[PDB]
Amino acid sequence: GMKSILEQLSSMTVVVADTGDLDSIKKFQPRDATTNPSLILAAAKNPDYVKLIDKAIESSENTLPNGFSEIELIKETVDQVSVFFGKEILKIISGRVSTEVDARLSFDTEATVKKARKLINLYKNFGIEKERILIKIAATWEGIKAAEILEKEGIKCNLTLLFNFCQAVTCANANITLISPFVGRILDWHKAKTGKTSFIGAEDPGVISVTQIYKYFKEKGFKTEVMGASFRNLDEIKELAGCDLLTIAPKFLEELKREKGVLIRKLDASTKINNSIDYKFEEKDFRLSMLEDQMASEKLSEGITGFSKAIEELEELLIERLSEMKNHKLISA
């Protein structure tokens, strides 16, 4: 001591800087980070990292059967470039890289499982073992089912677009490695629905939900890690002090380090042995509970759409790079 709020928090929670690009990963050195379409779009703007994009195109060209089409090339490249960038992240960070599974497959268990397997085998081909990877999947019924299958073969999953207790419990019962609820998106939905201008501290509906999920998971002895993410304000983070992980904007990290005073570990549950109900949500109950939760079903649907938009934009960028690559060869001696 004296102990900053950040130092207190770090004694209770694995704190990870929220990063969306490689420069920020290098700067902040987060324990965990993510390869996804948006990070790669960001990198395309960088004269260093864009070369790694062109390399994925070249590698995909080498990989495919003779006579491949441009469509087949772009598809294969989307896979390879995601892995190239994940390997680049693993050279910087000490922990795990979340690897986004194409969100367009979010309602297809078999396709999600097959894509995860493909990405894991690509990582293996490039010298990276599966324990360094989290396969990141939207928490639809089908995505959780795919993760259930994957976990059984030792492929660790991060279940994201996770908004309610129903989704959390379904993941826990399926032995999912990690869930990443987006707290600030839950807050946003309630403000947007009601015109309430704020939900302060413990009243924040995202904080309420993640608090409940954490308490249940620990009391029941579930192994699934809870990573609170996507924060709108610093009070949300403080309310969830003691969560397994919290992904936090660099500016909030700096502010917590500046602050003094007392931070209470609110998320402090441990295993209990008692007669409380063990909740289960089989497919029908899951679907009905989701239907009744307008917040979770809309934020899940919008999130999937947003992920799908960014992967479509990636595909468009790869088409551009291919064109540029061809032009450069034709005009060079």
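So that there is no doubt, residue numbering starts at 1 and follows the sequence shown.
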| item | value |
| --- | --- |
| Of 86-94 and 138-146, the stretch whose C-alpha atoms average the higher B-factor in the entry | 86-94 |
| Given 252-260 and 202-210, the range whose Cα B-factors average higher in the PDB entry | 252-260 |
| Out of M295, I304, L267, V50, highest CA B-factor residue | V50 |
| Third of chain Cα B-factors occupied by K55 | middle |
| Among modelled residues of the same chain, the CA temperature factor third for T34 | highest |
| Chain-relative CA temperature factor third for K272 | middle |
| Third of chain Cα B-factors occupied by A43 | highest |
| CA B-factor placement of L300, once the chain's modelled residues are sorted into thirds | lowest |
